[PDB]
Amino acid sequence: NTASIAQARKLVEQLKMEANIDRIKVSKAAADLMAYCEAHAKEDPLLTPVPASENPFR
Amino acid sequence: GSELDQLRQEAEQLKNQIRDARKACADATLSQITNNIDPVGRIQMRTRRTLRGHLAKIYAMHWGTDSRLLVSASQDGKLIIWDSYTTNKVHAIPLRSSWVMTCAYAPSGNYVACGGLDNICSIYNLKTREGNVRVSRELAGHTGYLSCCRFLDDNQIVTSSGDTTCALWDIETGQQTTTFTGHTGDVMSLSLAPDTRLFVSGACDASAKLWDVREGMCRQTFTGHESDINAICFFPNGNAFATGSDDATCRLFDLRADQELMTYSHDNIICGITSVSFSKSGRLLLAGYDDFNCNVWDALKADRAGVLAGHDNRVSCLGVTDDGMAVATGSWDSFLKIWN
Amino acid sequence: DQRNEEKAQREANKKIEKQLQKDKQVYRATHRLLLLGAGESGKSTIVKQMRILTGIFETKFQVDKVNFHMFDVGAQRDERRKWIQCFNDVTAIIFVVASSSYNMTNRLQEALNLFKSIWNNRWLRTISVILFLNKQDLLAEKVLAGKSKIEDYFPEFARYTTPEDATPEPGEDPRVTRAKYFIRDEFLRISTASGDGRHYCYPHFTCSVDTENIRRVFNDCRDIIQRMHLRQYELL
Amino acid sequence: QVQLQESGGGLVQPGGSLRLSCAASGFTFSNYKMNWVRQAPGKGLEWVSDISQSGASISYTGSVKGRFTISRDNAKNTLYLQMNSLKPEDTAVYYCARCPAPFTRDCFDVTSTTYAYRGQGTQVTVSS
Amino acid sequence: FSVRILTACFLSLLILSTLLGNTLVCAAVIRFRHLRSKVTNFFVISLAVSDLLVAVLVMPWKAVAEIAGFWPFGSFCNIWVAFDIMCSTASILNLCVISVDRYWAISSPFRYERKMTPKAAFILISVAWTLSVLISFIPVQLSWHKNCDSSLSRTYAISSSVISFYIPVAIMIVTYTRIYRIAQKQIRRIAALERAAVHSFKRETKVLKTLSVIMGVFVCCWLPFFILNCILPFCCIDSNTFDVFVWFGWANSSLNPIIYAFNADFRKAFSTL
Ligand SMILES: Cc1cccc([C@@H]2CN(C)CCc3c2cc(O)c(O)c3Cl)c1
């Protein structure tokens, strides 16, 4: 049964490759996401409706 | 004797190590950080325009890069390119087979893709030197049914197929270049990151894999859901993304922490999600449920911001323009609805 | 300056709208059918006969001025939960199943499970099913010689007798009819278990003969549309 | 992260009693429709049994009707199968499967060796 | 005078329910296009608009006339007479064609779906409308019927009642018995298989009562007036019984929308208001 053992070897090598990586704290990632959302906060017409003066759809 | 059992036990030991590593970098949470900020408030949206050109149910409804035109395909055998500003059908194209399940509008406004149960992907043309549209290039290298397609540049496009194998094509010649495998179930959708260097793919094996286009290997793999992954979308920043599954649960994942962030599940809904995408700023998250509604949530406060009624039948596709000026929805009632 | 941009767009819209209406007329004028089965039950042989003429293998035919496009999926994967939702608007599903392959590996139970999963579907709940009973001559050959016994694979078969409203063909032993009607009313029971008041089922005994069969599916689509029209008006 | 395990198995003479316990982890056990499916060496997969969302509906195949009994339990999130008077033809490998979608009765896990909710399995074989 | 003051109340409540329901149904069919995308709905929406026409323009005049006993502002009541019938027979005609299309939708659905086009529905509606109009306006407008609570000449009223009532009710009876026979056949066919699979009359009476309620009201509330339309020319009961009979004949058309508009999806369309 070469197929099963080959699939198992490929899976364990993929897991070994996935295990060799670093991470970061979740609070820093959340803070960066909030910083990005605030930096792009005033450019979201869907967030706050814009007047019909410049709206092309309305 | 039987070293495959030893391989399996060391694989599960590596899995336990990965779980411990993910638990190590999770001292804090997200719901405690999003506090002290103002909520989005009860936003009320009104449907702006409706399109009546289709016979059967719409399935893909891919938007356009110029933020004015759009494309749509249904199970009737027609591909319709619409103008949203004047409510006019720009183009109508008859297809080879009736069944279609995805489109891919090129970022140059020159090409458009299709695909369905025919295991082939057609690429048409829009800069008509003779006026009429014609099939410009066919791609047939997969056995399973096509699920989604997203153009990368003017001469290559990555597709996902039902045979647990996705590929990158080279339509300039007619042969594929890179092949991504690893999923056990058929891959359901994919989403290209704004970096144009890597993309996320979601399948039915309750997983989501981050592939590199130029390398061909799998960088990260997330398994947080418990059912099929129907839709997957990427955050506009490039460090997170969202996924909508078939168990009334949508989840926000990130790439740096290699673990889920927060789930937008609710008690009163039991139906499934079919399409989900982000907004211009990512503060709002729109998801198309299966109970004939569309729920927009606050991506930070984990609370419902608005509910969109309308289509009597199930909504199958949802899209947001690049500039974030309006939203478009497509359901199984032959109706395309553009909201503002 | 928007004079030229408006008139060309308007005339293009009008032309393509007239064309799509003319083609929608034809689309409404025809019908669609989806053929499937448990596998190895003779799909090639029946498509040689039923159609009388690459995942989606399609065959278009016409009888009495109404057209039918039969779609086959004999070039797809094994999992059938994601792609099967595309066939929501199809009016009929021809479920061809073998009735003598119960021993060679409980294929009857597989077909029954497939029928039960299709019948209780969220989106396929409004789609009637046409049912064929293939290889009846093989049933007769296997019960007469003594190749196998249904009682081993179905304990309740011992407490079942042939109904009186049956149509036994002359010159046929009662055991063939007993087994065939047992399969038939097992299918009918697993169909009528749930019920909706929206769709139904129709059994048939064919594919044992190589004669004409297009009349059966024609009459089935006809009275299915008749029943759905009766249900629409609440007069049913 | 979905995960399934099962306890049971042995080489017992024909005419005994065997108990298998399938345990699940990574999802709400009180919402789905568990089922057991087996396959024999040299044959394909054969649907064996299923348990509904609550336990009111019970369905067995023809070959096992009135002999082998099943029962779920949401407290331990485990489902128990009981082989009583094991026939010499039950020398097969068993798997405890789960339907892909909740609240729906459409369940087919007999697919050929590719599934995301089928456990490791257990090789039950009678003695001589 | 307790009887006098409540007759106005009763008739005004009747016409109020009539008009409110008719405006509700036409607003429901004009608000959304998802229901109007089916050719079969054109006949019923034309029926509703014609019933609105008979409700708004002719009935209140007779109502205010009888409550006082006179005809205030009497200079065009004869001209009004055509109005009072121009819709009426039209409504009846609508009913009949309704039945007939259902026949085409049951006997041979294939030929019906292949031949009947949205243009044919408009053609039939136009034919019914012009057959009502030409038989209503042209005769009475010139000289052909000679305090305007007048009589009907023998030369026109009998044949007008024959054409407007007898032939449509006869063809409706024929089509209804035919569809009842075919429904009994289908019920026997499905019940045989049901009884064979489980190993009846409770289902076979529903179709009977359903064809009885849709047709029985029409005859039950349109036959006395139309049959008295023959005795009075050559009579001889009273001048009031004819009035109550035409009142019942108008109440029939007032109430028929509750029967001919209550399908399930359109009931939801009513519910979303
Ligand atoms: C002036 C006058 C005199 C007697 C009766 C009537 C009624 C009018 N209302 C009731 C409509 C019904 C109708 C009538 C007369 C007809 O000849 C006719 O064919 C119809 Cl349908 C009108």
# chains A, B, ... in the order shown; residues from 1 in each chain; ligands from 1
>>> residues_around(residues="residue E:196", least_positions_apart="5", cutoff="10 Å", atoms="only C-alpha atoms", output="list in words")
residues 163, 164, 165, 166, 181, 184, 185, 188 and 189 of chain C; 190 and 191 of chain E
>>> residues_near_ligand(ligand="ligand 1", cutoff="10 Å", atoms="only C-alpha atoms and all ligand atoms", output="NGL selection string")
:E and (54 or 58-59 or 77-78 or 80-92 or 132 or 135-136 or 140 or 145 or 148-154 or 156-165 or 222 or 225-226 or 228-230 or 232-233 or 242-243 or 245-250)
>>> closest_residue(among="E:173, E:35, E:6, E:125", to="chain B", atoms="only C-alpha atoms")
E:35
>>> atom_distance(atom1="atom CA of residue B:141", atom2="atom CA of residue D:114")
21.6 Å
>>> residues_around(residues="residue C:161", least_positions_apart="6", cutoff="10 Å", atoms="only C-alpha atoms", output="MDAnalysis selection string")
chainID C and resid 174:175 177:179 181:182
>>> write_last_selection(atoms="N, CA, C and O atoms", output="compact mmCIF listing (two decimals), in the first residue's frame")
# COMPACT_ATOMS: atom_id res chain seq x y z
N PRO C 174 -45.14 -16.67 -9.48
CA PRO C 174 -45.50 -15.66 -8.47
C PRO C 174 -44.31 -15.10 -7.70
O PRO C 174 -44.43 -14.02 -7.12
N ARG C 175 -43.18 -15.81 -7.67
CA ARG C 175 -42.04 -15.34 -6.88
C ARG C 175 -41.39 -14.11 -7.50
O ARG C 175 -40.97 -13.19 -6.78
N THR C 177 -42.91 -11.78 -9.33
CA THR C 177 -43.79 -10.67 -9.01
C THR C 177 -43.70 -10.30 -7.53
O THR C 177 -43.72 -9.12 -7.18
N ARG C 178 -43.58 -11.30 -6.66
CA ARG C 178 -43.47 -11.03 -5.23
C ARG C 178 -42.24 -10.17 -4.93
O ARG C 178 -42.35 -9.13 -4.28
N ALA C 179 -41.08 -10.58 -5.43
CA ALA C 179 -39.85 -9.83 -5.17
C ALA C 179 -39.90 -8.45 -5.80
O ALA C 179 -39.50 -7.45 -5.18
N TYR C 181 -42.55 -6.56 -6.65
CA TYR C 181 -43.48 -5.69 -5.96
C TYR C 181 -43.00 -5.38 -4.54
O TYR C 181 -43.34 -4.32 -4.01
N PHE C 182 -42.21 -6.27 -3.93
CA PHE C 182 -41.61 -5.94 -2.65
C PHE C 182 -40.64 -4.77 -2.78
O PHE C 182 -40.68 -3.82 -1.99
>>> residues_around(residues="residue A:54", least_positions_apart="4", cutoff="12 Å", atoms="only C-alpha atoms", output="short mmCIF file (atom, residue, chain, number, x, y, z; two decimals) with N, CA and C atoms, in the first residue's frame")
data_model
loop_
_atom_site.label_atom_id
_atom_site.label_comp_id
_atom_site.auth_asym_id
_atom_site.auth_seq_id
_atom_site.Cartn_x
_atom_site.Cartn_y
_atom_site.Cartn_z
N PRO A 45 -18.24 55.17 2.86
CA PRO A 45 -19.62 55.66 2.74
C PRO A 45 -20.66 54.67 3.23
N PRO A 49 -23.73 57.16 5.97
CA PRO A 49 -24.24 57.53 4.65
C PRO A 49 -23.81 58.93 4.25
N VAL A 50 -23.35 59.06 3.01
CA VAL A 50 -22.90 60.34 2.47
C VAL A 50 -24.10 61.06 1.86
N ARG A 58 -27.37 57.54 -5.64
CA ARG A 58 -28.59 58.22 -5.22
C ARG A 58 -28.67 59.62 -5.83
N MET B 325 -18.73 52.23 -2.34
CA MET B 325 -19.83 53.16 -2.51
C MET B 325 -21.20 52.50 -2.45
#
>>> closest_atom_pairs(of="chain E", to="chain B", cutoff="12 Å", atoms="only C-alpha atoms", output="Markdown table")
| residue | atom | partner | partner_atom | distance |
| --- | --- | --- | --- | --- |
| E:32 | CA | B:310 | CA | 11.3 |
| E:33 | CA | B:52 | CA | 10.0 |
| E:34 | CA | B:333 | CA | 8.6 |
| E:35 | CA | B:312 | CA | 11.5 |
| E:37 | CA | B:52 | CA | 10.9 |
| E:265 | CA | B:312 | CA | 10.3 |
| E:268 | CA | B:312 | CA | 10.6 |
| E:269 | CA | B:312 | CA | 10.7 |
| E:272 | CA | B:310 | CA | 11.2 |
>>> write_last_selection(atoms="N, CA, C and O atoms", output="short mmCIF file (atom, residue, chain, number, x, y, z; two decimals), in the first residue's frame")
data_model
loop_
_atom_site.label_atom_id
_atom_site.label_comp_id
_atom_site.auth_asym_id
_atom_site.auth_seq_id
_atom_site.Cartn_x
_atom_site.Cartn_y
_atom_site.Cartn_z
N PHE E 32 -45.71 45.00 -6.58
CA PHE E 32 -44.62 44.09 -6.89
C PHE E 32 -44.82 43.50 -8.28
O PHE E 32 -45.95 43.36 -8.75
N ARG E 33 -43.71 43.17 -8.93
CA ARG E 33 -43.73 42.59 -10.26
C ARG E 33 -43.51 41.08 -10.24
O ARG E 33 -43.76 40.41 -11.25
N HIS E 34 -43.06 40.54 -9.11
CA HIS E 34 -42.83 39.10 -9.01
C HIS E 34 -44.10 38.29 -9.21
O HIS E 34 -44.03 37.16 -9.69
N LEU E 35 -45.26 38.85 -8.84
CA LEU E 35 -46.52 38.13 -9.04
C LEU E 35 -47.08 38.39 -10.44
O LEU E 35 -47.73 37.51 -11.02
N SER E 37 -45.48 38.57 -13.13
CA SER E 37 -44.67 37.90 -14.14
C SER E 37 -45.26 36.56 -14.55
O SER E 37 -44.57 35.75 -15.18
N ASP E 265 -49.16 32.26 -1.98
CA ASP E 265 -48.13 33.27 -2.17
C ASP E 265 -48.74 34.67 -2.23
O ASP E 265 -48.17 35.63 -1.69
N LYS E 268 -49.43 35.76 1.22
CA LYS E 268 -48.24 36.36 1.82
C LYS E 268 -48.03 37.78 1.31
O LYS E 268 -47.65 38.68 2.07
N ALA E 269 -48.27 38.00 0.01
CA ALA E 269 -48.17 39.35 -0.55
C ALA E 269 -49.19 40.29 0.09
O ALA E 269 -48.93 41.49 0.24
N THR E 272 -47.69 41.07 3.78
CA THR E 272 -46.59 42.02 3.90
C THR E 272 -47.05 43.47 3.80
O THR E 272 -46.29 44.36 4.19
#
>>> interface_residues(of="chain B", to="chain C", cutoff="6 Å", atoms="only C-alpha atoms", output="VMD selection string")
chain B and resid 89 117 to 118 144
>>> select_by_dssp(residues="stretch 69-124 of chain E", states="alpha helix (DSSP H)", output="ChimeraX atom specification")
/E:77-104,109-115,118-124
>>> interface_residues(of="chain D", to="chain B", cutoff="6 Å", atoms="only C-alpha atoms", output="short mmCIF file (atom, residue, chain, number, x, y, z; two decimals) with N, CA, C and O atoms, in the first residue's frame")
data_model
loop_
_atom_site.label_atom_id
_atom_site.label_comp_id
_atom_site.auth_asym_id
_atom_site.auth_seq_id
_atom_site.Cartn_x
_atom_site.Cartn_y
_atom_site.Cartn_z
N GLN D 1 -11.82 22.41 15.42
CA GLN D 1 -11.12 21.24 14.90
C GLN D 1 -11.91 19.97 15.16
O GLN D 1 -12.05 19.53 16.31
N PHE D 27 -17.17 19.94 18.05
CA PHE D 27 -18.46 20.43 17.58
C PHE D 27 -19.54 20.04 18.57
O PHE D 27 -19.34 19.16 19.42
N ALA D 116 -14.46 13.99 5.59
CA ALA D 116 -13.90 14.84 6.63
C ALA D 116 -14.48 14.56 8.02
O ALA D 116 -14.03 15.17 8.99
#
>>> residues_around(residues="stretch 38-54 of chain D", least_positions_apart="6", cutoff="9 Å", atoms="only C-alpha atoms", output="PyMOL selection string")
(chain C and resi 105-107+109-110+113) or (chain D and resi 30-32+60-61+63-64+69-72+79+89-96+102-103+105+108-113+121)
>>> write_last_selection(atoms="N, CA, C and O atoms", output="compact mmCIF listing (two decimals), in the first residue's frame")
# COMPACT_ATOMS: atom_id res chain seq x y z
N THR C 105 -23.50 -6.32 -3.49
CA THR C 105 -23.04 -5.92 -2.17
C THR C 105 -24.03 -4.94 -1.54
O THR C 105 -23.66 -3.83 -1.17
N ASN C 106 -25.29 -5.38 -1.43
CA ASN C 106 -26.36 -4.57 -0.86
C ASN C 106 -26.51 -3.23 -1.58
O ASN C 106 -26.59 -2.17 -0.96
N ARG C 107 -26.53 -3.28 -2.91
CA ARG C 107 -26.73 -2.06 -3.69
C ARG C 107 -28.16 -1.54 -3.57
O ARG C 107 -28.38 -0.34 -3.75
N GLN C 109 -29.86 -1.36 -0.77
CA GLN C 109 -29.83 -0.47 0.39
C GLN C 109 -29.16 0.85 0.05
O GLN C 109 -29.59 1.91 0.54
N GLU C 110 -28.13 0.83 -0.79
CA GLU C 110 -27.49 2.07 -1.21
C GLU C 110 -28.46 2.94 -2.01
O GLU C 110 -28.54 4.16 -1.79
N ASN C 113 -30.99 4.43 0.40
CA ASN C 113 -30.42 5.55 1.15
C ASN C 113 -30.30 6.79 0.28
O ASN C 113 -30.56 7.91 0.74
N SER D 30 -24.96 17.74 20.40
CA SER D 30 -26.40 17.77 20.62
C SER D 30 -27.19 18.35 19.45
O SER D 30 -28.34 18.75 19.64
N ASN D 31 -26.60 18.42 18.26
CA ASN D 31 -27.26 19.04 17.12
C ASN D 31 -27.21 18.22 15.84
O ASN D 31 -28.06 18.43 14.96
N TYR D 32 -26.27 17.29 15.69
CA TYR D 32 -26.06 16.58 14.43
C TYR D 32 -26.68 15.19 14.48
O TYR D 32 -27.33 14.80 15.45
N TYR D 60 -32.19 0.54 10.84
CA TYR D 60 -31.16 -0.47 10.65
C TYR D 60 -31.26 -1.04 9.24
O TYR D 60 -32.35 -1.06 8.66
N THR D 61 -30.13 -1.49 8.70
CA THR D 61 -30.16 -2.18 7.42
C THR D 61 -30.79 -3.56 7.60
O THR D 61 -31.01 -4.04 8.71
N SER D 63 -29.62 -6.54 6.98
CA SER D 63 -28.78 -7.62 7.46
C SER D 63 -28.62 -7.61 8.98
O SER D 63 -28.21 -8.62 9.55
N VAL D 64 -28.94 -6.50 9.65
CA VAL D 64 -28.72 -6.36 11.08
C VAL D 64 -30.01 -6.06 11.84
O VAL D 64 -29.96 -5.71 13.02
N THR D 69 -27.88 -3.09 18.30
CA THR D 69 -28.65 -1.95 18.80
C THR D 69 -27.74 -0.77 19.09
O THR D 69 -26.61 -0.93 19.56
N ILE D 70 -28.25 0.44 18.84
CA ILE D 70 -27.48 1.66 18.99
C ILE D 70 -28.23 2.63 19.90
O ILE D 70 -29.45 2.56 20.04
N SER D 71 -27.47 3.54 20.51
CA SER D 71 -28.07 4.56 21.37
C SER D 71 -27.07 5.69 21.57
O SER D 71 -25.91 5.44 21.91
N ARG D 72 -27.52 6.93 21.39
CA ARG D 72 -26.65 8.09 21.55
C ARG D 72 -26.73 8.62 22.98
O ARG D 72 -27.56 8.19 23.78
N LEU D 79 -21.80 8.00 21.29
CA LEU D 79 -22.82 7.08 20.82
C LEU D 79 -22.31 5.64 20.92
O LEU D 79 -21.17 5.35 20.54
N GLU D 89 -19.83 -13.05 9.36
CA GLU D 89 -19.61 -12.15 8.24
C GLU D 89 -19.34 -10.71 8.66
O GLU D 89 -19.16 -9.85 7.80
N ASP D 90 -19.31 -10.43 9.97
CA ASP D 90 -19.07 -9.09 10.47
C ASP D 90 -17.59 -8.78 10.68
O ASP D 90 -17.26 -7.87 11.45
N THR D 91 -16.69 -9.52 10.03
CA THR D 91 -15.25 -9.28 10.14
C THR D 91 -14.84 -8.11 9.25
O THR D 91 -14.10 -8.24 8.27
N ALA D 92 -15.34 -6.93 9.61
CA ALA D 92 -15.15 -5.72 8.83
C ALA D 92 -14.58 -4.60 9.71
O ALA D 92 -14.49 -4.72 10.93
N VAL D 93 -14.20 -3.51 9.06
CA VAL D 93 -13.75 -2.32 9.77
C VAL D 93 -14.89 -1.31 9.80
O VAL D 93 -15.58 -1.08 8.81
N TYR D 94 -15.08 -0.72 10.97
CA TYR D 94 -16.20 0.17 11.25
C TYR D 94 -15.70 1.60 11.41
O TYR D 94 -14.56 1.83 11.84
N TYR D 95 -16.58 2.56 11.09
CA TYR D 95 -16.30 3.98 11.19
C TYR D 95 -17.54 4.69 11.72
O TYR D 95 -18.67 4.38 11.33
N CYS D 96 -17.31 5.64 12.62
CA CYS D 96 -18.39 6.45 13.18
C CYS D 96 -18.41 7.80 12.47
O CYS D 96 -17.51 8.62 12.66
N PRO D 102 -26.14 20.44 9.71
CA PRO D 102 -27.10 20.24 10.81
C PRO D 102 -28.52 20.58 10.38
O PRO D 102 -28.75 21.26 9.38
N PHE D 103 -29.47 20.07 11.16
CA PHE D 103 -30.91 20.28 11.01
C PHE D 103 -31.47 19.69 9.73
O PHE D 103 -32.67 19.83 9.47
N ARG D 105 -31.78 16.11 7.17
CA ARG D 105 -31.73 14.66 7.23
C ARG D 105 -30.94 14.04 6.09
O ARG D 105 -30.80 12.81 6.05
N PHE D 108 -25.11 11.00 3.63
CA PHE D 108 -24.50 9.95 2.83
C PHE D 108 -22.99 10.01 3.06
O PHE D 108 -22.30 10.86 2.50
N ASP D 109 -22.49 9.09 3.90
CA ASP D 109 -21.07 9.01 4.21
C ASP D 109 -20.45 7.72 3.69
O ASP D 109 -19.43 7.27 4.23
N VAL D 110 -21.03 7.12 2.66
CA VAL D 110 -20.56 5.85 2.12
C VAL D 110 -19.56 6.13 1.00
O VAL D 110 -19.11 5.21 0.31
N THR D 111 -19.19 7.40 0.84
CA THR D 111 -18.26 7.79 -0.21
C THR D 111 -16.92 7.07 -0.05
O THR D 111 -16.52 6.69 1.05
N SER D 112 -16.23 6.91 -1.18
CA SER D 112 -15.06 6.03 -1.26
C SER D 112 -13.85 6.69 -0.60
O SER D 112 -13.11 7.44 -1.23
N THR D 113 -13.65 6.39 0.69
CA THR D 113 -12.42 6.65 1.43
C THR D 113 -12.03 8.12 1.51
O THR D 113 -10.93 8.44 1.98
N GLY D 121 -11.70 4.15 12.88
CA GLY D 121 -12.34 2.87 12.65
C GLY D 121 -11.80 1.78 13.56
O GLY D 121 -10.80 1.94 14.26
